[PDB]
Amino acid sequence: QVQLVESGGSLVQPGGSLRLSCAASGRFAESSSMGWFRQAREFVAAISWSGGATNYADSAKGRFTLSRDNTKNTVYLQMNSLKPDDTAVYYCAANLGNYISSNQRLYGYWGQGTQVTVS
């Protein structure tokens, strides 16, 4: 089992910045690769279970950064240069197969979403 709890959604101004979190818990949390998807679902970015590989959708590259605290099996999505069309519910999902790319069907565990509004 893996359970995912997200946090951090907020209202930010255009050009602004926010940091979202997702904490994984359960027997397989240590093996959970976590990917963010947004629904205004579309891939944003993902980070491997070890914290050592990241992969970003084109729209996220160079303005968003993902990191992982392995001691808490928690990932942090730092979003900069946000624009109104980044407004969405941001979901984090996980898999146990070292998958960090865009196919949402390969993530079997899902968080509850967190709302980001840019306006």
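Numbers for residues come from their place in the sequence shown, where the first is 1.
On average the C-alpha atoms of 48-56 have higher B-factors than those of the other stretch, with 87-95 and 48-56 being the two compared. Of the two segments, 96-104 and 6-14, the one listed with the higher mean B-factor is 6-14 (C-alpha atoms only). Residue-level temperature factors show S67 in the middle third of its chain, judged at the C-alpha atom. Per the deposited record, the Cα B-factor of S81 falls in the highest third when ranked against the other modelled residues of its chain. In the PDB entry, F43 places in the highest third of its chain by CA B-factor.
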